Amino acid sequence: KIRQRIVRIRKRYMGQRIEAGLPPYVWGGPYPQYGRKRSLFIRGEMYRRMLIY
Amino acid sequence: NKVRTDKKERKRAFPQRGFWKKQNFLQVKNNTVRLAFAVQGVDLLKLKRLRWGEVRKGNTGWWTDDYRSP
Amino acid sequence: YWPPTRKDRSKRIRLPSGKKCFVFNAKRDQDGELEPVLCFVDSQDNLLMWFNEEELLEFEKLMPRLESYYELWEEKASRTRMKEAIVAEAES
Amino acid sequence: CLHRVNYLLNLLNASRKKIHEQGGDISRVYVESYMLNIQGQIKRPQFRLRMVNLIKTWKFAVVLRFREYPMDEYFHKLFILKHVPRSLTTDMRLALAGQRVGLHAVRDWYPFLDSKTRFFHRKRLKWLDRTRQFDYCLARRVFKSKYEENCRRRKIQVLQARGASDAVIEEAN
Amino acid sequence: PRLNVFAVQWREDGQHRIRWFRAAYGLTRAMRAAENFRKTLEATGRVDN
Amino acid sequence: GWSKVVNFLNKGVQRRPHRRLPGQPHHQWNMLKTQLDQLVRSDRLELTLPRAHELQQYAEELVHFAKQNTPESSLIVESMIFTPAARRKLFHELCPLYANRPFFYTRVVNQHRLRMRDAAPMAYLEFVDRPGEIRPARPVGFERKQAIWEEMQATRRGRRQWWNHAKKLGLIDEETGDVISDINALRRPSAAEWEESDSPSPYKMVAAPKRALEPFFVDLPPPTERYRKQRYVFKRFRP
Amino acid sequence: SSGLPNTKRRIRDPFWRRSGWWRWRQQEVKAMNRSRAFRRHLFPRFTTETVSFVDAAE
Amino acid sequence: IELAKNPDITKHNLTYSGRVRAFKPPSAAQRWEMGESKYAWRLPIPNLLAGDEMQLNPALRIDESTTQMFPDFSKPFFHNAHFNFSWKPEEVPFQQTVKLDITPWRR
Amino acid sequence: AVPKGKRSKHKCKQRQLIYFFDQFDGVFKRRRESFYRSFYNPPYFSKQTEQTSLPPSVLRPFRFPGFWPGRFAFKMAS
Amino acid sequence: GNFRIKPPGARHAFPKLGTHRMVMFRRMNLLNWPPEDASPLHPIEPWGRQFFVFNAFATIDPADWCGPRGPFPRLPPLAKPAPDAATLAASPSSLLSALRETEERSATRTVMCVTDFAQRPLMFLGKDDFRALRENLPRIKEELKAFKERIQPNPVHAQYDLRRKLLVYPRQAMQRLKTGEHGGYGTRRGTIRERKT
RNA sequence: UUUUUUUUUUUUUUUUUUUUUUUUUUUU
RNA sequence: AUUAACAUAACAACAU
């Protein structure tokens with residue numbers, strides 16, 4: 001419940017900035033890692049192969 | 001079904017308290033239509049709200065008549 | 001709370017237009033926390049808006065640019081009066 | 001504050017409008033009786049765990065009767081019986097409270113203003129009657145004359161409001 | 001994921017045993033409790049080696 | 001039903017102080033909290049009579065704790081609002097207003113009517129001493145004293161009735177045993193007023209009753225007329 | 001009061017009363033009511049003629 | 001009578017059916033073959049033709065109401081703000097790579 | 001349980017009046033009195049219905065012109 | 001205007017996803033807010049706040065003003081009347097054109113305006129006001145710095161810490177899973193099986 | 001501040017406690 | 001247009 005609350009405020013702020021048209025700046029800090037699978041790396045190879053073909 | 005051939009009339013027999021209202025989706029759809037007319041420059045809401053025999057040129061209403069005493 | 005007593009504000013600065021301004025601690029809209037605020041009031045003592053140190057510093061940088069506009073637009077304004085009067089005084 | 005009562009409401013309103021257009025006095029019209037007539041039914045299916053019930057709807061027709069109270073009858077019910085409607089009394093009280101009338105009307109409507117005034121008036125009437133002081137015919141004539149004069153003045157003023165000529169007014173009334 | 005809980009696997013006397021750790025009170029709290037339980041097992045010497 | 005069960009069951013039953021609401025307590029409190037902010041932003045709300053009698057409990061406490069002007073009280077006030085607009089209004093328009101009002105800043109008015117769709121009672125929850133109020137409010141403070149003095153000076157009956165009361169307020173001259181002649185002598189500065197700090201411009205503002213007016217015309221509808229939206233959208237049936 | 005009908009209401013019963021509403025009592029009560037009702041009228045002491053209503057079509 | 005029925009005025013903005021999401025394949029101009037070049041504006045030959053008749057500079061046709069200010073490269077920023085392409089500009093400093101750890105317990 | 005027999009007409013008749021009195025004493029009578037109180041106050045005006053509804057009013061009409069003294073209408077001006 | 005009246009093509013030329021979806025809906029309401037003749041908006045970093053210089057319409061002298069009307073009093077503008085029907089009938093213009101006639105205003109009042117992220121008017125400033133404000137800038141920085149020192153931390157944190165240090169804090173159970181025929185004992189044991197060679 | 005036994009008190013009266021009903025009115 | 005079952009209404013009654 002608290003996380004779903006904080007997300008809203010963050011989003012609101014960001015949206016306000018976008019509307020304003022200010023330079024695009026974000027929180028350049030240590031982000032978490034909610035993912036587990038290497039989807040991007042696994043996905044690139046298929047395009048490589050396809051191209052080859 | 002439009003043809004009215006399925007067993008969709010069974011549930012309706014029993015009483016109900018209320019039903020859902022897709023306001024969220026409807027609002028969006030209305031907004032999109034409004035935008036599509038606004039880009040051309042015609043007010044749809046205004047025409048959907050004005051009194052039968054009412055004439056209101058441009059962005060005008062009750063408020064307009066306030067200062068326009070003369 | 002709103003009314004700043006003599007011991008809660010600085011000297012009010014009057015403007016040609018009658019608008020007043022002072023410095024006092026105001027509850028920010030964010031959370032209601034007190035911070036140094038530059039309050040602006042009209043002739044009838046009504047709140048319009050406020051700034052802070054950051055905002056004022058930012059604005060001070062932009063002030064020069066804005067000044068040119070005052071001179072620029074003035075010309076246009078002046079010329080519009082000539083365009084109106086040339087036909088008003090020649091075809092009335 | 002019901003929904004299905006609208007059907008009755010509409011009949012009532014239509015009857016009042018038709019009677020007013022027919023020239024009868026709607027202020028003296030009372031509901032006599034009523035009558036109900038069965039029309040039919042509309043059955044619908046209703047499935048259950050081990051049966052299929054039948055759900056239906058009702059259909060009825062209402063017949064109403066109206067009667068106009070002559071002057072004679074009217075007098076006897078209001079003056080004697082004091083069976084005045086509630087609407088009239090509410091109207092009177094409203095006017096009095098809002099100062100729409102003078103001090104002279106309170107006393108005039110005293111016989112029909114409130115229940116206490118009605119009761120005391122009736123007791124005084126009885127005493128007068130026993131004392132051979134009260135004249136039935138005189139009271140009836142005064143009542144009828146006042147009502148007819150008010151009705152006539154209403155129409156005369158309504159006609160004068162339109163700016164009609166003296167000849168038109170004389171020919172109309 | 002379905003049980004929404006942490007588990008600790010350790011071998012004692014040639015027998016497999018697993019303990020429950022409900023994470024409803026807190027993810028970090030349950031994780032630290034499980035880690036502390038495993039460390040206590042290893043320190044007291046109840047894990048085969 | 002039968003209309004008799006209601007009476008039969010109600011025998012020897014105590015009344016509830018706080019009216020029950022649909023939902024969990026956490027939901028109920030949220031509901032009331034949001035409705036308090038919405039009431040602060042409007043000046044009158046139309047609500048059911050039971051609900052109107054319930055929201056007034058917190059409507060009074062908000063203003064009661066807003067006037068203290070203390071860090072502690074500030075916290076409690078913070079703990080009862082959501083949007084910044086309500087905070088701004090409460091702290092800039094309502095606090096100055098009820099400077100001299102000890103309590104009772106709100107009221108409930110019954111409409112004596114039933115809803116078309118629900119057949120439910122209706123009522124209005126309007127603040128006291130606000131523009132376009134249903135009924136006027138009584139004076140407080142020096143205004144009250146002036147009113148009382150006026151009443152006294154009007155007639156003998158008023159004088160007699162207010163004799164006792166007037167003594168406390170000081171409207172009676174003890175040196176002569178008569179009502180004070182000059183009432184302006186009892187004037188004192190209120191909190192609402194601005195303490196003393198101690199043009200030929202064409203852009204000068206023009207005095208006007210609520211707020212001043214600019215010397216220029218701007219093509220803009222009022223705040224309440226520049227943002228349109230459909231109130232409700234029909235939902236087509238699926239036969 | 002406020003969203004609640006009064007608990008101390010009195011609902012009439014056409015066929016029962018705490019003071020007794022038996023057949024025998026009904027007779028008496030009806031008799032007295034009729035007697036009182038009748039007396040409320042005030043008829044004139046002098047009339048010239050009496051004319052009745054009749055429906056020619058019927 | 002029905003103000004919503006105006007296909008001529010609304011153009012393709014609406015679907016006139018139960019299409020919640022529209023579909024639009026790539027355009028001719030968008031495609032590689034017979035497609036408008038992103039760098040041909042600065043060429044000598046086109047300017048010759050375009051003599052006091054048309055400006056080929058894309059910087060003179062940028063919407064101001066839907067564009068953000070230029071950020072600093074040094075500072076974090078989005079890619080989609082102004083970069084209308086699919087390749088990292090050389091101006092951008094070096095970026096580091098992060099590899100997910102599948103078996104952190106081995107440490 | 002299940003009914004053992006059929007209800008007579010008499011019983012139903014009785015029930016009808018019982019129910020009518022029950023309802024009248026508790027619903028209708030309260031509603032009537034609540035309705036009648038609103039008369040003092042101005043009529044109700046809805047914002048939603050403004051598109052078709054008549055302008056607002058305060059003054060109440062008189063249903064019984066027979067007992068309505070004082071002027072009824074004003075003479076037209078010259 | 002933030003939109004091009006009668007634009008080319010058969011589709012919108014602007015994004016309609018994300019925040020832009022909201023912004024389009026917000027801006028469509030007011031098709032004429034931004035004067036045709038206006039300076040570009042200049043937003044500030046911290047809080048969405050834009051500045052722009054424009055020209056406002058004239059107004060009637062207060063002398064000739066009737067008075068405040070309605071809940072939002074406003075002075076009337078200074079404009080000339082439209083052509084009358086008698087002249088418009090003889091005019092060669094079409095009915096469509098004739099019906100679409102409006103007044104004519106005078107825009108000769110130059111002013112600076114400050115808006116929010118939403119381009120919502122907040123305040124208006126003139127040349128004299130702007131010049132006057134510049135002479136008091138150094139006097140305001142010192143006052144702001146002096147007032148900054150009067151702020152103190154929030155005692156909420158300390159009071160909560162003391163409360164939790166010198167008060168009780170009960171904790172309830174969570175996730176009380178039930179069991180079927182067989183009950184639990186805190187720990188479970190696996191099974192042992194032999195291979196088939 | 002409320003409820004409860006897990007606390008406290010009684011174990012007396014029966015012409016008592018209590019109560020819906022004034023009856024010289026033999027044809028309301 | 002149409003019988004019964006069924007549904008509503010009006011009138012008629014006094015040694016009570």
# chains A, B, ... in the order shown; residues from 1 in each chain; ligands from 1
call {"tool": "closest_atom_pairs", "arguments": {"of": "chain G", "to": "chain F", "cutoff": "12 Å", "atoms": "only C-alpha atoms", "output": "tab-separated table"}}
result
residue	atom	partner	partner_atom	distance
G:1	CA	F:50	CA	9.7
G:2	CA	F:50	CA	6.0
G:3	CA	F:50	CA	5.9
G:4	CA	F:50	CA	9.2
G:5	CA	F:6	CA	8.7
G:6	CA	F:7	CA	8.4
G:7	CA	F:7	CA	5.4
G:8	CA	F:7	CA	7.4
G:9	CA	F:7	CA	7.8
G:10	CA	F:7	CA	9.6
G:11	CA	F:4	CA	8.1
G:12	CA	F:4	CA	11.0
G:13	CA	F:4	CA	11.6
call {"tool": "residues_around", "arguments": {"residues": "residue 15 of chain E", "least_positions_apart": "6", "cutoff": "10 Å", "atoms": "only C-alpha atoms (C1' of nucleotides)", "output": "NGL selection string"}}
result
(:E and (48)) or (:J and (189-192))
call {"tool": "select_by_dssp", "arguments": {"residues": "chain A", "states": "helix (DSSP H, G or I)", "output": "VMD selection string"}}
result
chain A and resid 2 to 20 39 to 52
call {"tool": "write_last_selection", "arguments": {"atoms": "C-alpha atoms", "output": "PDB file, in the first residue's frame"}}
result
ATOM      1  CA  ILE A   2       2.818   2.433   0.833  1.00  0.00           C
ATOM      2  CA  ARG A   3       4.769   1.549  -2.324  1.00  0.00           C
ATOM      3  CA  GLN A   4       1.680   2.041  -4.510  1.00  0.00           C
ATOM      4  CA  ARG A   5       1.311   5.451  -2.855  1.00  0.00           C
ATOM      5  CA  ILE A   6       4.870   6.606  -3.368  1.00  0.00           C
ATOM      6  CA  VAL A   7       4.833   5.601  -7.040  1.00  0.00           C
ATOM      7  CA  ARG A   8       1.948   7.946  -7.656  1.00  0.00           C
ATOM      8  CA  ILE A   9       3.725  10.947  -6.213  1.00  0.00           C
ATOM      9  CA  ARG A  10       6.865  10.203  -8.206  1.00  0.00           C
ATOM     10  CA  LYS A  11       4.913   9.837 -11.402  1.00  0.00           C
ATOM     11  CA  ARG A  12       2.992  13.006 -10.737  1.00  0.00           C
ATOM     12  CA  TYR A  13       6.158  14.978 -10.257  1.00  0.00           C
ATOM     13  CA  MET A  14       7.676  13.620 -13.417  1.00  0.00           C
ATOM     14  CA  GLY A  15       4.593  14.364 -15.361  1.00  0.00           C
ATOM     15  CA  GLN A  16       4.493  17.868 -14.129  1.00  0.00           C
ATOM     16  CA  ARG A  17       8.070  18.309 -15.317  1.00  0.00           C
ATOM     17  CA  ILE A  18       7.184  16.839 -18.737  1.00  0.00           C
ATOM     18  CA  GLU A  19       4.225  19.206 -19.062  1.00  0.00           C
ATOM     19  CA  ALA A  20       6.390  22.120 -18.080  1.00  0.00           C
ATOM     20  CA  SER A  39      16.025 -11.040 -21.790  1.00  0.00           C
ATOM     21  CA  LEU A  40      17.887  -8.299 -23.719  1.00  0.00           C
ATOM     22  CA  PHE A  41      21.071 -10.319 -24.234  1.00  0.00           C
ATOM     23  CA  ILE A  42      19.105 -13.436 -25.187  1.00  0.00           C
ATOM     24  CA  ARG A  43      16.970 -11.383 -27.591  1.00  0.00           C
ATOM     25  CA  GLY A  44      19.835  -9.771 -29.516  1.00  0.00           C
ATOM     26  CA  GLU A  45      21.103 -13.110 -30.843  1.00  0.00           C
ATOM     27  CA  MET A  46      17.824 -13.876 -32.631  1.00  0.00           C
ATOM     28  CA  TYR A  47      18.021 -10.615 -34.590  1.00  0.00           C
ATOM     29  CA  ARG A  48      21.677 -11.311 -35.394  1.00  0.00           C
ATOM     30  CA  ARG A  49      20.781 -14.727 -36.804  1.00  0.00           C
ATOM     31  CA  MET A  50      17.862 -13.357 -38.750  1.00  0.00           C
ATOM     32  CA  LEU A  51      20.040 -10.727 -40.333  1.00  0.00           C
ATOM     33  CA  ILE A  52      22.542 -13.362 -41.304  1.00  0.00           C
TER      34      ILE A  52
END
call {"tool": "residues_around", "arguments": {"residues": "residue 129 of chain D", "least_positions_apart": "6", "cutoff": "12 Å", "atoms": "only C-alpha atoms (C1' of nucleotides)", "output": "NGL selection string"}}
result
(:D and (80 or 122-123 or 135-136)) or (:G and (41-45))
call {"tool": "interface_residues", "arguments": {"of": "chain J", "to": "chain H", "cutoff": "7 Å", "atoms": "only C-alpha atoms", "output": "VMD selection string"}}
result
chain J and resid 2 10 to 11
call {"tool": "write_last_selection", "arguments": {"atoms": "N, CA, C and O atoms", "output": "short mmCIF file (atom, residue, chain, number, x, y, z; two decimals), in the first residue's frame"}}
result
data_model
loop_
_atom_site.label_atom_id
_atom_site.label_comp_id
_atom_site.auth_asym_id
_atom_site.auth_seq_id
_atom_site.Cartn_x
_atom_site.Cartn_y
_atom_site.Cartn_z
N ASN J 2 -2.24 27.10 -29.07
CA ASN J 2 -1.34 25.94 -28.98
C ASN J 2 -1.55 24.92 -30.10
O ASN J 2 -0.80 23.95 -30.19
N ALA J 10 -4.29 14.00 -42.62
CA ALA J 10 -5.48 13.30 -42.12
C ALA J 10 -5.31 12.79 -40.69
O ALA J 10 -6.16 12.04 -40.21
N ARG J 11 -4.22 13.13 -40.01
CA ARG J 11 -3.95 12.68 -38.65
C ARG J 11 -3.24 13.77 -37.88
O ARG J 11 -2.63 14.67 -38.46
#
call {"tool": "residues_around", "arguments": {"residues": "residue 11 of chain E", "least_positions_apart": "2", "cutoff": "9 Å", "atoms": "only C-alpha atoms (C1' of nucleotides)", "output": "list in words"}}
result
residues 9, 13, 14, 15, 16, 17, 18, 46, 47, 48 and 49 of chain E
call {"tool": "residues_around", "arguments": {"residues": "residue 89 of chain F", "least_positions_apart": "5", "cutoff": "8 Å", "atoms": "only C-alpha atoms (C1' of nucleotides)", "output": "list in words"}}
result
residues 40, 41 and 94 of chain F
call {"tool": "interface_residues", "arguments": {"of": "chain J", "to": "chain A", "cutoff": "12 Å", "atoms": "only C-alpha atoms", "output": "list in words"}}
result
residues 18, 19, 20, 21, 22, 23, 24, 26, 27, 41, 42, 43, 44, 45, 46, 47, 48, 49, 50, 51, 115, 116, 117, 118, 119 and 120 of chain J
call {"tool": "atom_distance", "arguments": {"atom1": "atom CA of residue 105 of chain J", "atom2": "atom CA of residue 57 of chain J"}}
result
6.6 Å
call {"tool": "closest_atom_pairs", "arguments": {"of": "chain B", "to": "chain H", "cutoff": "12 Å", "atoms": "only C-alpha atoms", "output": "Markdown table"}}
result
| residue | atom | partner | partner_atom | distance |
| --- | --- | --- | --- | --- |
| B:25 | CA | H:20 | CA | 10.5 |
| B:26 | CA | H:20 | CA | 11.9 |
| B:28 | CA | H:20 | CA | 11.1 |
| B:29 | CA | H:20 | CA | 9.3 |
| B:30 | CA | H:4 | CA | 10.2 |
| B:31 | CA | H:14 | CA | 11.7 |
| B:32 | CA | H:14 | CA | 8.3 |
| B:33 | CA | H:14 | CA | 7.4 |
| B:34 | CA | H:4 | CA | 9.6 |
| B:35 | CA | H:13 | CA | 9.1 |
| B:36 | CA | H:10 | CA | 5.9 |
| B:37 | CA | H:10 | CA | 6.2 |
| B:38 | CA | H:10 | CA | 9.6 |
| B:39 | CA | H:10 | CA | 9.1 |
| B:40 | CA | H:9 | CA | 7.3 |
| B:41 | CA | H:9 | CA | 9.9 |
| B:42 | CA | H:9 | CA | 9.5 |
| B:43 | CA | H:3 | CA | 10.1 |
| B:44 | CA | H:3 | CA | 7.3 |
| B:45 | CA | H:3 | CA | 10.1 |
| B:46 | CA | H:3 | CA | 11.3 |
| B:47 | CA | H:3 | CA | 8.5 |
| B:48 | CA | H:3 | CA | 8.7 |
call {"tool": "atom_distance", "arguments": {"atom1": "atom CA of residue 92 of chain J", "atom2": "atom CA of residue 59 of chain B"}}
result
27.4 Å
call {"tool": "residues_around", "arguments": {"residues": "residue 41 of chain C", "least_positions_apart": "5", "cutoff": "8 Å", "atoms": "only C-alpha atoms (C1' of nucleotides)", "output": "PyMOL selection string"}}
result
chain C and resi 19-21+46-48
call {"tool": "interface_residues", "arguments": {"of": "chain D", "to": "chain G", "cutoff": "12 Å", "atoms": "only C-alpha atoms", "output": "JSON, numbers by chain"}}
result
{"D": [75, 76, 77, 78, 79, 80, 81, 82, 83, 119, 122, 123, 125, 126, 127, 128, 129, 130, 132, 133, 134, 135, 136, 137, 138, 139, 140]}
call {"tool": "interface_residues", "arguments": {"of": "chain F", "to": "chain J", "cutoff": "7 Å", "atoms": "only C-alpha atoms", "output": "short mmCIF file (atom, residue, chain, number, x, y, z; two decimals) with N, CA, C and O atoms, in the first residue's frame"}}
result
data_model
loop_
_atom_site.label_atom_id
_atom_site.label_comp_id
_atom_site.auth_asym_id
_atom_site.auth_seq_id
_atom_site.Cartn_x
_atom_site.Cartn_y
_atom_site.Cartn_z
N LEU F 213 -9.37 44.86 -9.34
CA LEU F 213 -9.43 44.56 -10.76
C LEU F 213 -8.28 45.25 -11.48
O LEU F 213 -7.90 46.38 -11.15
N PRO F 215 -6.31 47.06 -14.75
CA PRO F 215 -6.72 48.09 -15.69
C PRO F 215 -6.75 47.61 -17.15
O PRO F 215 -6.82 48.41 -18.07
N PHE F 216 -6.66 46.32 -17.39
CA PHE F 216 -6.65 45.64 -18.63
C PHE F 216 -7.63 44.49 -18.68
O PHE F 216 -7.85 43.84 -17.66
N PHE F 217 -8.20 44.19 -19.79
CA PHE F 217 -9.11 43.15 -20.09
C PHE F 217 -8.42 41.93 -20.65
O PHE F 217 -7.68 42.06 -21.62
N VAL F 218 -8.62 40.77 -20.12
CA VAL F 218 -8.13 39.49 -20.48
C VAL F 218 -9.26 38.58 -20.87
O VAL F 218 -10.14 38.35 -20.03
N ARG F 226 -13.65 27.49 -17.42
CA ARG F 226 -12.58 27.29 -18.32
C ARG F 226 -12.09 25.87 -18.43
O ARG F 226 -11.03 25.61 -19.01
N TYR F 227 -12.76 24.91 -17.87
CA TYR F 227 -12.47 23.52 -17.81
C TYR F 227 -13.74 22.70 -17.88
O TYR F 227 -14.33 22.43 -16.83
N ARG F 228 -14.20 22.29 -19.01
CA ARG F 228 -15.37 21.55 -19.29
C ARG F 228 -15.12 20.07 -19.41
O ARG F 228 -14.03 19.66 -19.81
#
call {"tool": "residues_around", "arguments": {"residues": "residue 21 of chain K", "least_positions_apart": "6", "cutoff": "12 Å", "atoms": "only C-alpha atoms (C1' of nucleotides)", "output": "PyMOL selection string"}}
result
chain G and resi 18-20
call {"tool": "write_last_selection", "arguments": {"atoms": "N, CA, C and O atoms", "output": "short mmCIF file (atom, residue, chain, number, x, y, z; two decimals), in the first residue's frame"}}
result
data_model
loop_
_atom_site.label_atom_id
_atom_site.label_comp_id
_atom_site.auth_asym_id
_atom_site.auth_seq_id
_atom_site.Cartn_x
_atom_site.Cartn_y
_atom_site.Cartn_z
N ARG G 18 -56.07 -2.56 23.84
CA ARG G 18 -55.65 -2.97 25.19
C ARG G 18 -56.77 -2.80 26.20
O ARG G 18 -56.80 -3.53 27.19
N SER G 19 -57.70 -1.89 25.96
CA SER G 19 -58.84 -1.64 26.84
C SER G 19 -60.04 -2.55 26.55
O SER G 19 -61.08 -2.41 27.18
N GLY G 20 -59.93 -3.49 25.62
CA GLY G 20 -60.93 -4.32 25.17
C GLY G 20 -61.70 -3.90 24.00
O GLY G 20 -62.21 -2.78 23.97
#
call {"tool": "atom_distance", "arguments": {"atom1": "atom CA of residue 143 of chain F", "atom2": "atom CA of residue 1 of chain C"}}
result
22.2 Å
call {"tool": "interface_residues", "arguments": {"of": "chain F", "to": "chain B", "cutoff": "8 Å", "atoms": "only C-alpha atoms", "output": "list in words"}}
result
residues 221, 222, 230, 232, 233, 235, 238 and 239 of chain F
call {"tool": "closest_residue", "arguments": {"among": "B:52, B:19, B:10, B:70", "to": "chain I", "atoms": "only C-alpha atoms"}}
result
B:52
